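Visitor: Sharing protein-v9.txt here; it has compact mmCIF, C-alpha atoms and all ligand atoms.
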# COMPACT_ATOMS: atom_id res chain seq x y z
CA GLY B 68 14.52 -26.49 6.66
CA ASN B 69 10.84 -25.51 6.74
CA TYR B 70 11.23 -22.66 4.29
CA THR B 71 11.50 -22.21 0.53
CA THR B 72 14.13 -20.29 -1.40
CA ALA B 73 14.01 -17.25 -3.67
CA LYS B 74 16.45 -16.57 -6.48
CA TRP B 75 16.37 -12.75 -6.14
CA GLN B 76 17.87 -11.58 -2.83
CA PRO B 77 18.41 -7.79 -2.98
CA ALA B 78 21.42 -6.46 -1.12
CA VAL B 79 21.33 -4.59 2.17
CA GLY B 80 21.20 -0.87 1.46
CA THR B 81 19.64 -1.11 -2.01
CA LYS B 82 18.00 2.19 -2.91
CA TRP B 83 14.27 1.96 -3.56
CA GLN B 84 11.18 3.95 -4.45
CA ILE B 85 7.57 3.17 -3.53
CA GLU B 86 4.50 4.62 -5.23
CA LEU B 87 1.10 3.10 -4.41
CA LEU B 88 -1.45 5.87 -4.98
CA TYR B 89 -1.81 5.75 -8.79
CA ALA B 90 -0.38 3.99 -11.82
CA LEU B 91 3.38 4.62 -11.90
CA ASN B 92 4.07 7.62 -14.14
CA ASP B 93 7.49 8.79 -12.93
CA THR B 94 10.58 6.62 -13.38
CA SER B 95 12.99 9.56 -12.99
CA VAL B 96 13.95 8.42 -9.50
CA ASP B 97 17.33 6.68 -9.70
CA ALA B 98 16.38 3.74 -7.49
CA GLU B 99 17.24 0.09 -8.18
CA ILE B 100 13.92 -1.21 -6.81
CA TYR B 101 10.40 0.15 -7.37
CA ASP B 102 7.51 -1.01 -5.14
CA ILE B 103 4.24 -0.31 -7.00
CA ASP B 104 0.61 -1.40 -6.83
CA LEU B 105 -0.12 -4.87 -8.26
CA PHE B 106 -3.53 -4.07 -9.72
CA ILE B 107 -3.26 -0.61 -11.26
CA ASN B 108 0.09 -1.08 -13.05
CA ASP B 109 0.24 -2.97 -16.32
CA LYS B 110 2.74 -5.51 -17.66
CA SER B 111 4.31 -2.88 -19.91
CA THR B 112 5.19 -0.60 -16.97
CA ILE B 113 6.79 -3.47 -15.06
CA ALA B 114 8.75 -4.70 -18.08
CA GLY B 115 9.82 -1.12 -18.83
CA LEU B 116 11.36 -0.82 -15.37
CA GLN B 117 13.16 -4.15 -15.82
CA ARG B 118 14.42 -3.11 -19.26
CA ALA B 119 16.02 -0.16 -17.42
CA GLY B 120 17.77 -2.59 -15.03
CA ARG B 121 15.39 -2.16 -12.10
CA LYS B 122 13.58 -4.71 -9.96
CA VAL B 123 9.82 -4.45 -9.40
CA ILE B 124 8.09 -5.38 -6.14
CA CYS B 125 4.31 -5.59 -6.48
CA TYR B 126 2.31 -4.34 -3.50
CA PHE B 127 -1.04 -5.82 -2.55
CA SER B 128 -3.05 -6.13 0.64
CA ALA B 129 -3.04 -9.69 1.93
CA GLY B 130 -4.78 -9.00 5.24
CA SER B 131 -7.42 -6.41 4.34
CA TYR B 132 -10.45 -6.29 2.08
CA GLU B 133 -10.30 -3.22 -0.19
CA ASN B 134 -13.66 -2.46 -1.77
CA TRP B 135 -12.15 -0.89 -4.90
CA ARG B 136 -10.27 -3.94 -6.19
CA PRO B 137 -11.51 -5.78 -9.31
CA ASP B 138 -11.60 -9.08 -7.37
CA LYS B 139 -13.49 -7.68 -4.39
CA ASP B 140 -16.55 -9.80 -5.18
CA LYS B 141 -14.60 -13.01 -4.53
CA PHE B 142 -14.66 -12.31 -0.79
CA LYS B 143 -17.43 -13.82 1.32
CA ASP B 144 -19.26 -12.12 4.17
CA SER B 145 -17.60 -14.61 6.53
CA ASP B 146 -14.14 -13.51 5.34
CA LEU B 147 -14.61 -9.98 6.69
CA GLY B 148 -13.92 -8.51 10.13
CA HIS B 149 -13.91 -4.95 11.50
CA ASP B 150 -13.10 -1.79 9.55
CA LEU B 151 -9.44 -0.81 9.54
CA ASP B 152 -10.33 2.67 10.81
CA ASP B 153 -14.08 3.41 10.79
CA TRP B 154 -14.55 3.16 7.00
CA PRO B 155 -16.25 -0.02 5.68
CA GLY B 156 -14.32 0.26 2.43
CA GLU B 157 -11.38 -1.48 4.10
CA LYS B 158 -11.84 -4.41 6.49
CA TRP B 159 -9.65 -6.97 8.25
CA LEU B 160 -9.61 -10.43 6.64
CA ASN B 161 -9.82 -13.84 8.23
CA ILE B 162 -6.41 -14.82 6.91
CA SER B 163 -7.05 -18.43 7.96
CA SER B 164 -10.02 -18.69 5.60
CA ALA B 165 -9.49 -21.08 2.67
CA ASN B 166 -11.34 -18.55 0.50
CA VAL B 167 -9.06 -15.66 1.51
CA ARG B 168 -6.00 -17.84 0.94
CA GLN B 169 -7.25 -18.83 -2.53
CA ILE B 170 -7.87 -15.18 -3.43
CA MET B 171 -4.29 -14.39 -2.40
CA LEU B 172 -3.06 -17.25 -4.58
CA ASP B 173 -5.03 -15.71 -7.46
CA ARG B 174 -3.35 -12.36 -6.74
CA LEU B 175 0.09 -14.03 -6.66
CA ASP B 176 -0.75 -15.60 -10.03
CA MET B 177 -1.44 -12.10 -11.33
CA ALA B 178 1.84 -10.78 -9.91
CA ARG B 179 3.76 -13.63 -11.55
CA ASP B 180 1.91 -13.16 -14.85
CA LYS B 181 2.69 -9.42 -14.84
CA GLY B 182 6.39 -10.14 -14.34
CA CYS B 183 6.75 -8.91 -10.74
CA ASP B 184 10.14 -9.73 -9.25
CA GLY B 185 8.70 -9.84 -5.75
CA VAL B 186 5.57 -9.02 -3.78
CA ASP B 187 4.91 -6.76 -0.77
CA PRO B 188 1.85 -8.18 1.08
CA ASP B 189 0.22 -5.64 3.40
CA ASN B 190 -1.73 -5.88 6.64
CA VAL B 191 -0.34 -9.15 7.98
CA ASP B 192 -0.55 -7.61 11.48
CA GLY B 193 -4.28 -7.89 12.20
CA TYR B 194 -3.44 -9.46 15.58
CA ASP B 195 -2.08 -6.05 16.64
CA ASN B 196 -5.34 -4.27 15.77
CA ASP B 197 -9.08 -4.30 16.48
CA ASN B 198 -9.74 -6.93 13.82
CA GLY B 199 -12.92 -8.45 15.24
CA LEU B 200 -11.80 -11.95 14.22
CA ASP B 201 -9.59 -12.97 17.19
CA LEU B 202 -6.57 -12.99 14.88
CA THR B 203 -3.34 -14.12 16.55
CA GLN B 204 0.39 -13.99 15.92
CA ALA B 205 0.30 -17.70 15.04
CA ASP B 206 -2.38 -16.95 12.43
CA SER B 207 -0.11 -14.37 10.80
CA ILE B 208 2.93 -16.65 10.95
CA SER B 209 1.01 -19.44 9.20
CA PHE B 210 -0.35 -16.96 6.64
CA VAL B 211 2.95 -15.22 5.94
CA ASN B 212 4.80 -18.50 5.47
CA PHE B 213 1.95 -19.69 3.22
CA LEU B 214 2.29 -16.53 1.12
CA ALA B 215 6.09 -16.92 1.02
CA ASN B 216 6.01 -20.53 -0.16
CA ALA B 217 3.40 -19.61 -2.79
CA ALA B 218 5.40 -16.61 -4.00
CA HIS B 219 8.60 -18.64 -4.16
CA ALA B 220 6.75 -21.34 -6.11
CA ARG B 221 5.93 -18.64 -8.66
CA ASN B 222 9.60 -17.52 -8.78
CA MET B 223 8.97 -14.31 -6.83
CA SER B 224 10.59 -12.89 -3.72
CA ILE B 225 8.62 -11.65 -0.71
CA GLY B 226 9.12 -9.65 2.47
CA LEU B 227 7.50 -8.95 5.83
CA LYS B 228 5.47 -5.73 6.13
CA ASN B 229 5.96 -4.38 9.70
CA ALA B 230 4.70 -7.13 12.08
CA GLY B 231 7.91 -7.01 14.10
CA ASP B 232 6.67 -9.45 16.77
CA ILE B 233 6.61 -12.39 14.32
CA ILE B 234 10.01 -11.79 12.65
CA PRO B 235 11.75 -14.86 14.22
CA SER B 236 9.07 -17.20 12.88
CA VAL B 237 9.05 -16.01 9.23
CA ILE B 238 12.44 -14.40 8.55
CA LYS B 239 13.99 -17.48 6.92
CA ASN B 240 11.27 -17.25 4.24
CA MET B 241 11.65 -13.46 3.81
CA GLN B 242 13.92 -11.56 1.43
CA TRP B 243 13.40 -8.18 3.16
CA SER B 244 11.39 -6.15 5.64
CA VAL B 245 9.18 -3.25 4.61
CA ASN B 246 8.99 -1.02 7.69
CA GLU B 247 6.96 2.11 8.37
CA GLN B 248 8.00 4.61 11.03
CA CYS B 249 10.27 2.53 13.29
CA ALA B 250 12.28 5.72 13.89
CA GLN B 251 9.20 7.59 15.10
CA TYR B 252 8.23 4.84 17.58
CA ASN B 253 11.58 3.55 18.91
CA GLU B 254 11.38 0.18 17.13
CA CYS B 255 14.18 0.15 14.55
CA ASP B 256 16.26 -2.28 16.63
CA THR B 257 13.48 -4.83 16.12
CA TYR B 258 13.83 -4.63 12.34
CA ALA B 259 17.65 -4.37 12.30
CA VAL B 260 17.84 -8.18 12.47
CA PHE B 261 17.12 -8.22 8.72
CA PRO B 262 20.40 -6.54 7.65
CA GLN B 263 22.20 -8.45 10.40
CA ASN B 264 21.16 -11.48 8.32
CA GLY B 265 21.97 -9.90 4.96
CA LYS B 266 18.48 -8.70 4.11
CA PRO B 267 17.42 -5.09 3.48
CA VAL B 268 14.87 -3.04 5.38
CA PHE B 269 12.84 -0.96 2.95
CA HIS B 270 12.15 1.82 5.42
CA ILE B 271 9.49 4.56 5.16
CA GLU B 272 9.07 7.64 7.35
CA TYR B 273 6.22 10.16 7.04
CA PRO B 274 7.56 13.39 8.56
CA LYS B 275 4.74 15.62 7.25
CA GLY B 276 2.20 13.64 9.26
CA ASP B 277 -0.98 11.84 8.36
CA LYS B 278 -2.94 14.72 6.77
CA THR B 279 -0.43 16.63 4.59
CA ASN B 280 0.68 15.40 1.16
CA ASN B 281 2.63 17.67 -1.17
CA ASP B 282 5.78 17.91 -3.28
CA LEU B 283 7.59 20.25 -0.87
CA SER B 284 10.46 19.34 1.40
CA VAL B 285 10.84 18.76 5.13
CA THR B 286 13.06 20.47 7.67
CA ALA B 287 16.60 19.27 8.26
CA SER B 288 15.53 18.23 11.77
CA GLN B 289 12.63 16.12 10.49
CA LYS B 290 14.94 14.59 7.88
CA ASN B 291 17.53 13.76 10.54
CA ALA B 292 14.91 12.14 12.78
CA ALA B 293 13.85 9.91 9.87
CA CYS B 294 17.39 9.10 8.71
CA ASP B 295 19.78 8.95 11.65
CA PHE B 296 19.29 6.05 14.06
CA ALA B 297 21.38 3.15 15.31
CA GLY B 298 22.37 1.12 12.28
CA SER B 299 20.46 3.37 9.86
CA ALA B 300 23.35 3.03 7.39
CA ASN B 301 21.95 -0.45 6.68
CA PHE B 302 18.30 0.67 6.23
CA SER B 303 17.03 1.68 2.79
CA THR B 304 15.17 4.80 3.87
CA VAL B 305 12.66 6.80 1.85
CA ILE B 306 10.92 9.93 3.10
CA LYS B 307 7.39 9.91 1.67
CA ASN B 308 3.98 11.50 1.82
CA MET B 309 1.46 9.39 3.76
CA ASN B 310 -0.46 8.90 0.50
CA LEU B 311 2.63 7.22 -1.06
CA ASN B 312 2.42 9.21 -4.30
CA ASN B 313 5.55 9.91 -6.43
CA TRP B 314 7.23 12.46 -4.14
CA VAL B 315 10.29 11.12 -2.32
CA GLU B 316 13.42 12.36 -0.58
CA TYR B 317 16.49 10.34 0.32
CA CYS B 318 18.85 10.62 3.27
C1 LIG D 1 0.93 10.98 -12.25
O1 LIG D 1 -0.46 10.70 -12.18
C2 LIG D 1 -1.15 11.37 -11.12
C3 LIG D 1 -2.56 10.83 -11.13
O2 LIG D 1 -3.24 11.19 -12.33
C4 LIG D 1 -1.08 12.87 -11.34
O3 LIG D 1 -1.69 13.53 -10.24
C5 LIG D 1 -2.96 14.13 -10.57
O4 LIG D 1 -2.78 15.32 -11.36
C6 LIG D 1 -4.01 15.96 -11.72
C7 LIG D 1 -3.67 17.08 -12.68
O5 LIG D 1 -2.69 17.95 -12.12
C8 LIG D 1 -4.70 16.45 -10.46
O6 LIG D 1 -5.93 17.05 -10.80
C9 LIG D 1 -6.03 18.31 -10.12
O7 LIG D 1 -6.69 18.19 -8.85
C10 LIG D 1 -6.81 19.46 -8.16
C11 LIG D 1 -7.32 19.20 -6.75
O8 LIG D 1 -7.58 17.82 -6.65
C12 LIG D 1 -8.21 17.52 -5.39
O9 LIG D 1 -9.28 16.66 -5.62
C13 LIG D 1 -8.91 15.45 -6.31
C14 LIG D 1 -10.19 14.76 -6.73
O10 LIG D 1 -10.24 13.47 -6.13
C15 LIG D 1 -8.04 14.61 -5.36
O11 LIG D 1 -7.60 13.43 -6.04
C16 LIG D 1 -6.81 15.41 -4.86
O12 LIG D 1 -6.20 14.71 -3.78
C17 LIG D 1 -4.78 14.65 -3.97
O13 LIG D 1 -4.15 15.78 -3.39
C18 LIG D 1 -4.31 15.90 -1.95
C19 LIG D 1 -3.66 17.21 -1.54
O14 LIG D 1 -4.36 18.27 -2.19
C20 LIG D 1 -3.70 14.66 -1.26
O15 LIG D 1 -3.88 14.76 0.15
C21 LIG D 1 -4.38 13.37 -1.81
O16 LIG D 1 -3.83 12.19 -1.21
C22 LIG D 1 -4.29 13.32 -3.34
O17 LIG D 1 -2.91 13.08 -3.64
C23 LIG D 1 -7.13 16.88 -4.46
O18 LIG D 1 -7.55 16.85 -3.09
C24 LIG D 1 -7.75 20.35 -8.97
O19 LIG D 1 -7.84 21.62 -8.34
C25 LIG D 1 -7.20 20.52 -10.40
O20 LIG D 1 -8.12 21.23 -11.22
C26 LIG D 1 -7.74 22.63 -11.33
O21 LIG D 1 -6.43 22.80 -11.84
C27 LIG D 1 -6.14 22.30 -13.19
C28 LIG D 1 -4.74 22.74 -13.51
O22 LIG D 1 -4.36 23.55 -12.41
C29 LIG D 1 -3.52 24.61 -12.91
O23 LIG D 1 -4.10 25.89 -12.64
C30 LIG D 1 -3.22 27.02 -12.91
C31 LIG D 1 -4.03 28.07 -13.63
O24 LIG D 1 -3.22 29.23 -13.77
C32 LIG D 1 -1.97 26.52 -13.70
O25 LIG D 1 -1.16 27.61 -14.11
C33 LIG D 1 -1.19 25.55 -12.78
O26 LIG D 1 -0.05 24.99 -13.44
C34 LIG D 1 -2.12 24.47 -12.24
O27 LIG D 1 -1.50 23.22 -12.58
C35 LIG D 1 -7.14 22.84 -14.19
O28 LIG D 1 -6.95 22.10 -15.40
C36 LIG D 1 -8.59 22.67 -13.67
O29 LIG D 1 -9.53 23.19 -14.60
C37 LIG D 1 -8.78 23.27 -12.26
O30 LIG D 1 -8.59 24.69 -12.35
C38 LIG D 1 -9.51 25.37 -11.46
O31 LIG D 1 -9.03 25.40 -10.11
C39 LIG D 1 -7.81 26.18 -9.86
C40 LIG D 1 -7.56 26.17 -8.35
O32 LIG D 1 -6.89 24.97 -8.01
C41 LIG D 1 -7.95 27.61 -10.41
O33 LIG D 1 -6.69 28.26 -10.34
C42 LIG D 1 -8.45 27.60 -11.86
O34 LIG D 1 -8.60 28.93 -12.32
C43 LIG D 1 -9.74 26.80 -12.00
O35 LIG D 1 -10.74 27.50 -11.24
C44 LIG D 1 -6.83 19.20 -11.06
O36 LIG D 1 -8.04 18.53 -11.42
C45 LIG D 1 -4.96 15.27 -9.53
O37 LIG D 1 -5.46 15.78 -8.30
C46 LIG D 1 -3.67 14.49 -9.25
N1 LIG D 1 -3.97 13.29 -8.49
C47 LIG D 1 -3.24 12.89 -7.44
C48 LIG D 1 -3.71 11.64 -6.77
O38 LIG D 1 -2.25 13.50 -7.07
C49 LIG D 1 0.39 13.30 -11.44
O39 LIG D 1 0.48 14.67 -11.80
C50 LIG D 1 1.15 12.47 -12.48
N2 LIG D 1 2.57 12.76 -12.42
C51 LIG D 1 3.31 12.95 -13.51
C52 LIG D 1 4.77 13.19 -13.28
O40 LIG D 1 2.83 12.94 -14.64
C1 LIG D 2 9.73 -23.52 11.07
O1 LIG D 2 9.61 -24.24 12.32
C2 LIG D 2 9.88 -23.43 13.47
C3 LIG D 2 9.93 -24.35 14.68
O2 LIG D 2 8.92 -25.35 14.62
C4 LIG D 2 8.82 -22.34 13.57
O3 LIG D 2 8.97 -21.61 14.79
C5 LIG D 2 10.09 -20.68 14.89
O4 LIG D 2 11.37 -21.32 14.92
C6 LIG D 2 12.45 -20.38 14.98
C7 LIG D 2 13.73 -21.18 14.88
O5 LIG D 2 14.76 -20.42 14.26
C8 LIG D 2 12.38 -19.48 16.22
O6 LIG D 2 13.33 -18.45 15.92
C9 LIG D 2 14.11 -17.53 16.79
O7 LIG D 2 15.40 -18.12 17.15
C10 LIG D 2 16.43 -17.12 17.46
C11 LIG D 2 17.44 -17.82 18.35
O8 LIG D 2 18.73 -17.73 17.75
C12 LIG D 2 15.80 -15.85 18.16
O9 LIG D 2 15.49 -14.80 17.21
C13 LIG D 2 14.54 -16.25 19.01
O10 LIG D 2 14.96 -17.02 20.16
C14 LIG D 2 13.45 -16.98 18.17
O11 LIG D 2 12.87 -17.97 18.98
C15 LIG D 2 10.98 -18.86 16.35
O12 LIG D 2 10.83 -18.23 17.62
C16 LIG D 2 9.89 -19.92 16.19
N1 LIG D 2 8.56 -19.31 16.26
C17 LIG D 2 7.53 -19.89 16.88
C18 LIG D 2 6.23 -19.14 16.87
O13 LIG D 2 7.63 -20.99 17.42
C19 LIG D 2 8.88 -21.47 12.32
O14 LIG D 2 7.83 -20.50 12.32
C20 LIG D 2 8.73 -22.33 11.06
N2 LIG D 2 8.87 -21.53 9.84
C21 LIG D 2 9.95 -20.81 9.51
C22 LIG D 2 9.88 -20.08 8.20
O15 LIG D 2 10.95 -20.75 10.24
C1 LIG D 3 -11.44 -18.00 10.21
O1 LIG D 3 -11.35 -19.07 9.29
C2 LIG D 3 -11.02 -20.35 9.86
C3 LIG D 3 -10.98 -21.33 8.72
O2 LIG D 3 -12.17 -21.28 7.94
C4 LIG D 3 -12.02 -20.74 10.95
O3 LIG D 3 -11.47 -21.85 11.66
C5 LIG D 3 -12.28 -23.03 11.56
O4 LIG D 3 -13.38 -23.01 12.46
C6 LIG D 3 -14.22 -24.17 12.39
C7 LIG D 3 -15.34 -23.97 13.38
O5 LIG D 3 -16.30 -23.04 12.91
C8 LIG D 3 -13.42 -25.45 12.66
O6 LIG D 3 -14.24 -26.58 12.42
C9 LIG D 3 -12.18 -25.52 11.77
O7 LIG D 3 -11.36 -26.62 12.15
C10 LIG D 3 -11.39 -24.22 11.88
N1 LIG D 3 -10.22 -24.26 11.00
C11 LIG D 3 -9.00 -23.90 11.40
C12 LIG D 3 -7.91 -23.99 10.38
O8 LIG D 3 -8.78 -23.51 12.55
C13 LIG D 3 -12.25 -19.61 11.94
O9 LIG D 3 -13.37 -19.91 12.78
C14 LIG D 3 -12.54 -18.29 11.23
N2 LIG D 3 -12.67 -17.21 12.18
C15 LIG D 3 -13.81 -16.55 12.40
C16 LIG D 3 -13.76 -15.46 13.43
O10 LIG D 3 -14.84 -16.82 11.80
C1 LIG D 4 12.99 -16.40 -11.96
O1 LIG D 4 13.65 -15.30 -11.36
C2 LIG D 4 15.06 -15.32 -11.61
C3 LIG D 4 15.66 -14.17 -10.83
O2 LIG D 4 15.12 -12.92 -11.25
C4 LIG D 4 15.35 -15.26 -13.11
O3 LIG D 4 16.75 -15.41 -13.32
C5 LIG D 4 17.28 -14.27 -14.01
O4 LIG D 4 17.17 -14.43 -15.43
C6 LIG D 4 17.66 -13.31 -16.18
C7 LIG D 4 17.32 -13.56 -17.63
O5 LIG D 4 17.82 -14.80 -18.09
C8 LIG D 4 19.16 -13.17 -15.93
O6 LIG D 4 19.66 -12.07 -16.67
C9 LIG D 4 19.41 -12.97 -14.45
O7 LIG D 4 20.81 -12.97 -14.20
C10 LIG D 4 18.76 -14.08 -13.61
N1 LIG D 4 18.88 -13.78 -12.19
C11 LIG D 4 19.15 -14.69 -11.25
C12 LIG D 4 19.24 -14.17 -9.85
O8 LIG D 4 19.31 -15.88 -11.52
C13 LIG D 4 14.58 -16.33 -13.88
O9 LIG D 4 14.69 -16.12 -15.28
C14 LIG D 4 13.11 -16.30 -13.47
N2 LIG D 4 12.34 -17.34 -14.13
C15 LIG D 4 12.44 -18.65 -13.86
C16 LIG D 4 11.51 -19.55 -14.63
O10 LIG D 4 13.25 -19.09 -13.05
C1 LIG D 5 25.51 -3.33 8.46
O1 LIG D 5 25.55 -4.75 8.23
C2 LIG D 5 26.88 -5.28 8.12
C3 LIG D 5 26.76 -6.72 7.67
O2 LIG D 5 25.62 -7.37 8.24
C4 LIG D 5 27.58 -5.11 9.46
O3 LIG D 5 28.89 -5.68 9.40
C5 LIG D 5 27.66 -3.62 9.79
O4 LIG D 5 28.24 -3.45 11.08
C6 LIG D 5 26.27 -2.98 9.76
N1 LIG D 5 26.39 -1.53 9.90
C7 LIG D 5 26.00 -0.86 10.99
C8 LIG D 5 26.20 0.62 10.96
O5 LIG D 5 25.51 -1.43 11.97
K K D 6 -0.06 1.34 6.99
Go ahead and render the structure in this file as structure tokens.

Guide:
Amino acid sequence: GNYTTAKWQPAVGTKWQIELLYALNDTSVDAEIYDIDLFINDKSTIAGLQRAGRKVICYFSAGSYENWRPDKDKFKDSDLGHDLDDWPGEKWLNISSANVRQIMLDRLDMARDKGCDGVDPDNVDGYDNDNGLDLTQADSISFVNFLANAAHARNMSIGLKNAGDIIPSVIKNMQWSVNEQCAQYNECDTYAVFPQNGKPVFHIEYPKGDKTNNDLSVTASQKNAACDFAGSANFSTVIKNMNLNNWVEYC
């Protein structure tokens, strides 16, 4: 068995919340799992959630350079590829680089030290984008399994962010999927293999679109499009703003 094990395996259907825009300042949402930013949340916030019986997944970008992070200066010029979408503040990483991999180990150390129960590593799908580094599916598979073994070695769980094409090659090392918008793009069957194997899909839809963020609701039709799909009863769906601030609705 060329995989490592995690002690925390959340159940299919576990209710969750995700808030990545700012330091978490709303724990009123009755969700068992909170996915929050690794860097901008402190140990006391994470422990406070766990004291309330919740599990904390710590988000970070494993496949992109973000120019606002406190470790941004660790990255070398040779680690960086093309902009994610025309802004140099976020760039694709050479995920095969020893230096990139060591930075991600440093970030996993931080997650462990802060008490994170699991980690949610973003942008492991450079192969499906204009990355400028000839990234491949095999590169992501190697990288994701590297991240999973490193997280498990630090007693943390991990999951696959989108990247549906590589599911067969990493799923044994994953404790969940985080999916965005499979309902909008006719791909939820791809991700349904996770609950078929006892693992949740933490599922996000963005019905207000990519330019509107507010605390107001969506239509019943937009809610039904996000919520009702084959096997959706096994997906842990949240309806969110694209900016992933506090606001959330549940199915
Ligand atoms: C958890 O933490 C987060 C993060 O700290 C909290 O969210 C933050 O809350 C702050 C305080 O409410 C907000 O500050 C206000 O920002 C208003 C516009 O901000 C724009 O620019 C910022 C700058 O970067 C930007 O970040 C914003 O982007 C976000 O929103 C857009 C959508 O708009 C998203 O697309 C995006 O992704 C971001 O999420 C945004 O674009 C700014 O106008 C405010 O200054 C106003 O208002 C203050 C109070 O407003 C009150 O006015 C009436 C007066 O009668 C009052 O009755 C009412 O209750 C209002 O609350 C006031 O103090 C200021 O002096 C100023 O007033 C002047 O302007 C208004 C017109 O708007 C006039 O009426 C007035 O007479 C004056 O002329 C604030 O600076 C942060 O934006 C917000 N940050 C984010 C990321 O959301 C969150 O609340 C926390 N949650 C909990 C539960 O605690
Ligand atoms: C461990 O080693 C394997 C083999 O060397 C790596 O490749 C992956 O192996 C799995 C075997 O389970 C393949 O999985 C899938 O099998 C089922 C059939 O029931 C189905 O979903 C597909 O037919 C699919 O092939 C997977 O395709 C294969 N991937 C590649 C790129 O060869 C695997 O990546 C290594 N690591 C882990 C964590 O498994
Ligand atoms: C991304 O990083 C990897 C690892 O640093 C680079 O792959 C190496 O390339 C050199 C040739 O320049 C070979 O000698 C090594 O054997 C390669 N290592 C591996 C693991 O394949 C790769 O070239 C980098 N990609 C880009 C676009 O610079
Ligand atoms: C590693 O993670 C596991 C799982 O979260 C931790 O085990 C938990 O420990 C607490 C406190 O003793 C118990 O209340 C839970 O029932 C345990 N959960 C499971 C699934 O075993 C463990 O403490 C963490 N640390 C180490 C060093 O293993
Ligand atoms: C959800 O998963 C369980 C166990 O994997 C399965 O028996 C059940 O049929 C699934 N539900 C739906 C609606 O597909
Ligand atoms: K995204």

Visitor: Would you please work out which residue, of B:169, B:196, B:281, B:216, is nearest to ligand K 6 (chain D) when using all atoms listed in the file?

Guide: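 Smallest separation from ligand K 6 (chain D) among the options: B:196.
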
Visitor: Quick one: which chain B residues come within 6 Å of ligand LIG 4 (chain D), and what is the nearest atom pair for each with the distance in Å to one decimal, counting only C-alpha atoms and all ligand atoms, rows ordered by chain and ascending number, as CSV?

Guide:
residue,atom,partner,partner_atom,distance
B:74,CA,D:LIG4,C12,5.0
B:75,CA,D:LIG4,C12,4.9
B:222,CA,D:LIG4,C1,4.8

Visitor: Please check which protein, DNA or RNA residues sit within 6 Å of ligand LIG 5 (chain D), counting all atoms listed in the file, and write them as a list in words.

Guide: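 Selection of residues at most 6 Å from ligand LIG 5 (chain D): residues 262, 263, 265, 298, 300 and 301 of chain B.
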
Visitor: List all protein, DNA and RNA residues that have at least one atom no more than 6 Å from any atom of ligand LIG 3 (chain D), counting only C-alpha atoms and all ligand atoms, and write them as a PyMOL selection string.

Guide: chain B and resi 161+163-165+200

Visitor: Considering only C-alpha atoms and all ligand atoms, give me a table of residues in chain B that are at most 10 Å from ligand K 6 (chain D), with the closest atom pair and distance in Å for each, as CSV.

Guide:
residue,atom,partner,partner_atom,distance
B:151,CA,D:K6,K,10.0
B:189,CA,D:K6,K,7.9
B:190,CA,D:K6,K,7.4
B:228,CA,D:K6,K,9.0
B:229,CA,D:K6,K,8.7
B:246,CA,D:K6,K,9.4
B:247,CA,D:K6,K,7.2
B:248,CA,D:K6,K,9.6
B:309,CA,D:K6,K,8.8
B:310,CA,D:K6,K,10.0

Visitor: What's the 10 Å shell around residue B:107, counting all atoms listed in the file, without same-chain residues fewer than 5 positions away, as a list in words?

Guide: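 That gives residues 87, 88, 89, 90, 91, 136 and 137 of chain B.
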
Visitor: Print the selection's residues with C-alpha atoms to a file, as a short mmCIF file (atom, residue, chain, number, x, y, z; two decimals), in the frame of the given file.

Guide:
data_model
loop_
_atom_site.label_atom_id
_atom_site.label_comp_id
_atom_site.auth_asym_id
_atom_site.auth_seq_id
_atom_site.Cartn_x
_atom_site.Cartn_y
_atom_site.Cartn_z
CA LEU B 87 1.10 3.10 -4.41
CA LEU B 88 -1.45 5.87 -4.98
CA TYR B 89 -1.81 5.75 -8.79
CA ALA B 90 -0.38 3.99 -11.82
CA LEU B 91 3.38 4.62 -11.90
CA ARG B 136 -10.27 -3.94 -6.19
CA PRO B 137 -11.51 -5.78 -9.31
#

Visitor: Could you list, as a compact mmCIF listing (two decimals) with C-alpha atoms, in the coordinates of the input, all residues that come within 12 Å of ligand LIG 1 (chain D)? Count all atoms listed in the file.

Guide:
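Saved the output as result-v7.txt:
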# COMPACT_ATOMS: atom_id res chain seq x y z
CA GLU B 86 4.50 4.62 -5.23
CA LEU B 87 1.10 3.10 -4.41
CA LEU B 88 -1.45 5.87 -4.98
CA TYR B 89 -1.81 5.75 -8.79
CA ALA B 90 -0.38 3.99 -11.82
CA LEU B 91 3.38 4.62 -11.90
CA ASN B 92 4.07 7.62 -14.14
CA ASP B 93 7.49 8.79 -12.93
CA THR B 94 10.58 6.62 -13.38
CA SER B 95 12.99 9.56 -12.99
CA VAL B 96 13.95 8.42 -9.50
CA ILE B 107 -3.26 -0.61 -11.26
CA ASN B 108 0.09 -1.08 -13.05
CA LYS B 275 4.74 15.62 7.25
CA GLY B 276 2.20 13.64 9.26
CA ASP B 277 -0.98 11.84 8.36
CA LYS B 278 -2.94 14.72 6.77
CA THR B 279 -0.43 16.63 4.59
CA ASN B 280 0.68 15.40 1.16
CA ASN B 281 2.63 17.67 -1.17
CA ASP B 282 5.78 17.91 -3.28
CA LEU B 283 7.59 20.25 -0.87
CA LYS B 307 7.39 9.91 1.67
CA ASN B 308 3.98 11.50 1.82
CA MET B 309 1.46 9.39 3.76
CA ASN B 310 -0.46 8.90 0.50
CA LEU B 311 2.63 7.22 -1.06
CA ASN B 312 2.42 9.21 -4.30
CA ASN B 313 5.55 9.91 -6.43
CA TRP B 314 7.23 12.46 -4.14

Visitor: Identify, counting all atoms listed in the file, the protein, DNA and RNA residues located within 9 Å of ligand LIG 2 (chain D), and give them as a ChimeraX atom specification.

Guide: /B:68-71,204-205,208-209,211-212,215,233-241,260
